[PDB]
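Right, one structure below, let's go through it.
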Amino acid sequence: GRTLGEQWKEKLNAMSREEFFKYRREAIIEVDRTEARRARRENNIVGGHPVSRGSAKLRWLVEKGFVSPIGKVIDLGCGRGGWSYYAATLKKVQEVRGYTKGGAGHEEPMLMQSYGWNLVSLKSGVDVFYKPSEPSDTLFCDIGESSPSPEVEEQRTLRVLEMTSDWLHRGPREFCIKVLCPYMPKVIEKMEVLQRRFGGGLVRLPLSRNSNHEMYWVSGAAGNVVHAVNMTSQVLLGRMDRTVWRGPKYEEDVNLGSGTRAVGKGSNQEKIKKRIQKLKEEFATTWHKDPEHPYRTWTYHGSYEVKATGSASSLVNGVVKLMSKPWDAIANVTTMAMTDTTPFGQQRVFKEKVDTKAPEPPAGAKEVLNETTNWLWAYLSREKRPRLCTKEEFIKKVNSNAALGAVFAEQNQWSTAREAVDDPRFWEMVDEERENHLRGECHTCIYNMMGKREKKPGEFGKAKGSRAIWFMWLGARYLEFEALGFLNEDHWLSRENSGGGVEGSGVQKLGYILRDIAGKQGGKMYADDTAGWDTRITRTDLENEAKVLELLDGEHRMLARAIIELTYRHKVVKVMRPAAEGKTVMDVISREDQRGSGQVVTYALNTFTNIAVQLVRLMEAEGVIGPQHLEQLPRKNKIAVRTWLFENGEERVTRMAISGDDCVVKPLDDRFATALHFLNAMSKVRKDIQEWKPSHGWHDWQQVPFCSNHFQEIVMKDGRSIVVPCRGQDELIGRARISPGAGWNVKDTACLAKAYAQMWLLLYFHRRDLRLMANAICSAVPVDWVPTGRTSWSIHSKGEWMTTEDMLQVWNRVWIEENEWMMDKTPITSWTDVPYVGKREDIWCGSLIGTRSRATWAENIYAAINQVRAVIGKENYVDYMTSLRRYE
Ligand SMILES: Nc1ncnc2c1ncn2[C@@H]1O[C@H](CSCC[C@H](N)C(=O)O)[C@@H](O)[C@H]1O
Ligand SMILES: [Zn+2]
Ligand SMILES: [Zn+2]
């Protein structure tokens, strides 16, 4: 009770609730929050309304010189993001990163479109007390949880000051740090030591309410700490006991405006000029060059107004949910959501993942890739001969529902792909562009880039933004397919031809292939994921892929050359973006590197390059090359590379399983784990691991991740063994619980549930919970109804369950009949003779067996089934529950 603050606190703690809320707002300045709250209600994130009162507080501080935010701003305990968004409106600020705890009983970051929103990056679920410090130019911290006990607040405050000191030690000359309880002795001492070392002073905002004693240690203040605090205490004490409460003085809230901001700094225009010109002309009406466009590594050409496209909804699948009551309690399943594919949705991912420049590899690294890719092209073409693909081939393999991909009104004459390929007028458009290509010109081959609708873990209690996919229109895709599609159609990256690849194989083959690799002598199995593979394909990588041309001649070569040079290298792309005031715009941008996700040969070229990368890593691992060769390759090891490849290559690729950017490799020893110098120089940086930390390997091949699964060997009842795919049961159920959009009627969602159920039966029958849930779903869905919808995006999903045939029959087809690693072709006649994984593995991968929630669920499954049957209604049903032992 010694300090005046302690007297204030004690008097505060003794107030009645009614008086507390009068005193709280007495004589303070308060921003009118009315309009902001209506904005929050009406989902208006483009009107300039700040997410909290925190924007006004920071505004007051900069308008008074107390802090002048600049450069890279770090914001500790950002909450909704109030400070972060205000900083981003400021000219001198170029980057904002917020961190915050989030979760139950804490504020999550809110996603806004305030001016400069593209400079901001908020992160939730972070405990900053144990987050390693990072360099920054401006540092913010608004952490400090109140308490009726000054002693508690004192210790909390100290913990923050102690924490911020680690961050101040790394440069920030600008700062603004909350000091929750400034009047307590140990805090006073800490402030004095900190002020000496880093400067600044303690300030009390007139925007703060009288119910706290918070002060801000800001870099552009100064003064005696003690004096400052006592002056605050006195004001506070003075405002107690009034005869008449006069209330606060009202101010207007800050208006943060809207729209993206330009990034600083940021030219083979010949080969793209026609395309741009044709677009500028077709959309001249509102065409313009936005000075505030957010592109940093893409070159920008212009923008025009368009109607926004995409969705931000996730809806629940009612039938799956009814059959999965125990998972209602699993956060991992219920916080999953469809990704946001609105333009704001994809753009907020675009600025992090796609607008990056992967550096070109250094000269020595190039020379080694050169020899490797020479070797690899030679090896792939040892037996196979390139060829044109035909119109008829295209028409037969085009999905009747492939994207049209119109980029010009002229390309938008058909309502489905099937109609286009059936219309002579389409092929006339193709021919016309074809003849242009033969003359080394390209007029209309242009990508649309948009958000991919995906089922993913949530973010800030809501949906994640979307991954960008891009592809050219049906006509351009035909031309690609004609020139380069032989790679696909004649299976140039099949295992038989590539050694390392796995083209064509369903998931059901993948485990067996991993096992075969395990049988070779060598070290641990590795499986490093490259972060954002397509965005890391360099000019060098493209130049090496371009060596297909040397396998081609005449007309065939010329067509292929146009695809490769005019279409894969000189890419022109159309992407939507949020403009100001709720309107959206189509940007036309370009760049020479990176790989477009929806090129006809993306998988092939990815597989090809990934094999070459692994070959290079193995050479560094086996000693042929090292860091001393990155800047220049000596003639002698340049030759060793050649001979290494020549003598070893064919064996070495058999130690790989390469599916696009997905890789598994069993090197000779474990020097591989530190063979990272070339890997990093080639820009193929590893995902989720410090740049130079060695790679983790596995001893058990059954724990190796490949194409989103790992694989388990299980011995069946009749003594035969199978290798099956296995993965987190939480997400499997999480995804089945999500419907692809709004407005889906009972029958359609029932048919999607039925596809998820049947995919489970065919691939994850060995997971106890799923087999029960699958039979339960199929028992609640009318037998006649036909499975519809996507259950996977993986190229290795072959969809055998998308059928009305009995699932046991198809089980035998893929697991016995067509399974080349199963000698004994003895058919399985009943489900009970189909194995499970060990309960140890089942539980490790999310199973709920042995739990009482599950028990209740299992025992009462029929009630669940009947609930769904009622909703669907009188129809023809069948009970499959009896195919499980416990229901006989
Ligand atoms: N240890 C911790 N690590 C990260 N965040 C924390 C934390 N302790 C508290 N927080 C969070 O930090 C936030 C401070 S309130 C932030 C207000 C913000 N300046 C604005 O204007 O919007 C709270 O939401 C709180 O949940
Ligand atoms: Zn073209
Ligand atoms: Zn598993």
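Backbone-built Cβ (ideal geometry, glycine too); neighbour counts: all protein chains shown. Each answer follows from the model by the rule given with it, or from the source it names; nothing here is a laboratory result.
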> Looking only at residues in segment 526-562 that are among the acidic types (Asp, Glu) and not in a helix (DSSP H, G or I), which one is nearest to ligand 1 (Cβ to nearest atom)?
Replying inline: 529
> Only one of these conditions is not met by residue 461: (1) away from ligand 1 (no atom under 16 Å from the Cβ); (2) surrounded by fewer than 19 Cβ atoms within 10 Å (Cβ to Cβ). Which number is it?
Replying inline: (1)
> Any idea how many residues of segment 823-840 are under 26 Å from residue 728 (Cα atoms) and more than 16 Å from ligand 3 (Cβ to nearest atom)?
Replying inline: 4
>> If I go through segment 100-140 residue by residue, how many of them are under 23 Å from residue 200 (Cβ atoms), more than 9 Å from ligand 1 (Cβ to nearest atom) and in contact with a strand residue (DSSP E or B) (Cβ under 7 Å, 6 or more places away or on another chain)?
In response: 5
> Among the candidates 312, 329, which residue alone is surrounded by 15 or more Cβ atoms within 10 Å (Cβ to Cβ) and either in contact with a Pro (Cβ under 7 Å, 6 or more places away or on another chain) or assigned by CATH to the domain that holds residue 685 (or both)?
Replying inline: 312
> When you scan segment 68-83, how many residues do you find that are within 8 Å of ligand 1 (Cβ to nearest atom) and under 15 Å from residue 139 (Cβ atoms)?
Replying inline: 5
> So residue 843 clears everything in (1) crowded, with 17+ Cβ neighbours inside 10 Å; (2) of a type outside the set (D, E, K, R); (3) within 16 Å of ligand 3 (Cβ to nearest atom) except one condition, right? Which one?
Replying inline: (1)
> Restricting attention to segment 134-158, which residues are among the acidic types (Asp, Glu) and farther than 10 Å from residue 9 by Cβ?
Replying inline: 134, 137, 142, 145, 151, 154
> Restricting segment 828-864 to residues that are part of a loop (DSSP other than H, G, I, E, B) and farther than 26 Å from residue 812 by Cα, which is farthest from ligand 1 (Cβ to nearest atom)?
Replying inline: 860
> With respect to the numbered conditions (1) closer than 29 Å to residue 237 by Cβ; (2) out of contact with any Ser or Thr (no Cβ under 8 Å at 6 or more places or on another chain), which one is the sole condition not fulfilled by residue 4?
Replying inline: (2)
> Considering only segment 846-882, how many residues are surrounded by fewer than 15 Cβ atoms within 10 Å (Cβ to Cβ), over 15 Å from residue 785 (Cβ atoms) and touching a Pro at 6+ places or on another chain (Cβ under 6 Å)?
Replying inline: 1
> Among the strands (runs of 3 or more DSSP E) contained in segment 145-249, which hold 3 or more residues that are acidic (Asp, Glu)?
Replying inline: none
> Among the residues of segment 510-525, which ones are touching a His at 6+ places or on another chain (Cβ under 7 Å) and assigned to a helix (DSSP H, G or I)?
Replying inline: 510
> For segment 366-397, how many residues meet the condition of being in a loop (DSSP other than H, G, I, E, B) and touching a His at 6+ places or on another chain (Cβ under 9 Å)?
Replying inline: 4
>> Given the options 617, 635, 655, name the one that is surrounded by fewer than 17 Cβ atoms within 10 Å (Cβ to Cβ) and in the same structural domain as residue 546 (by CATH).
In response: 635
> Considering only segment 354-393, how many residues are within 30 Å of residue 465 (Cα to Cα) and crowded, with 18+ Cβ neighbours inside 10 Å?
Replying inline: 3
> From the list 607, 584, 643, which one is out of contact with any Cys (no Cβ under 8 Å at 6 or more places or on another chain) and buried (at least 22 other Cβ atoms within 10 Å of the Cβ)?
Replying inline: 607
> Yes or no: residue 86 on the phi < 0 side of the Ramachandran plot, more than 16 Å from ligand 3 (Cβ to nearest atom), under 23 Å from the mean Cα position of the chain (by Cα) and not hydrophobic (A, V, I, L, M, F, W, C)?
Replying inline: no
> So which of 51, 46, 73, 67 ends up being surrounded by fewer than 23 Cβ atoms within 10 Å (Cβ to Cβ) and either of a type in the set (A, V, I, L, M) or within 16 Å of ligand 3 (Cβ to nearest atom) (or both)?
Replying inline: 46
>> Being in contact with a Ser or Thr (Cβ under 6 Å, 6 or more places away or on another chain), of a type in the set (S, T, N, Q) and away from ligand 3 (no atom under 16 Å from the Cβ): is that true of residue 118 here?
In response: yes
> In segment 599-636, how many residues are in a loop (DSSP other than H, G, I, E, B), in contact with a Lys or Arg (Cβ under 8 Å, 6 or more places away or on another chain) and of a type in the set (A, V, I, L, M, F, W, C)?
Replying inline: 1
>> I'd like the full set of residues that are crowded, with 22+ Cβ neighbours inside 10 Å and among the charged types (D, E, K, R), limited to segment 658-696.
In response: 661, 662, 666, 684
> Within segment 457-481, which residues are within 16 Å of ligand 2 (Cβ to nearest atom), farther than 18 Å from residue 310 by Cβ and of a type outside the set (D, E, K, R)?
Replying inline: 472, 473, 474, 475, 476, 478, 479, 481
> So is residue 770 within 16 Å of ligand 3 (Cβ to nearest atom), of a type in the set (A, V, I, L, M, F, W, C) and either farther than 28 Å from residue 741 by Cβ or out of contact with any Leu (no Cβ under 6 Å at 6 or more places or on another chain) (or both) or not?
Replying inline: yes
> Does residue 725 satisfy being within 16 Å of ligand 3 (Cβ to nearest atom) and either hydroxyl-bearing (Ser, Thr, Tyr) or under 27 Å from residue 620 (Cβ atoms) (or both)?
Replying inline: no
> Which ones in segment 485-505 are part of a loop (DSSP other than H, G, I, E, B), surrounded by fewer than 19 Cβ atoms within 10 Å (Cβ to Cβ) and touching a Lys or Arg at 6+ places or on another chain (Cβ under 9 Å)?
Replying inline: 490, 491, 504
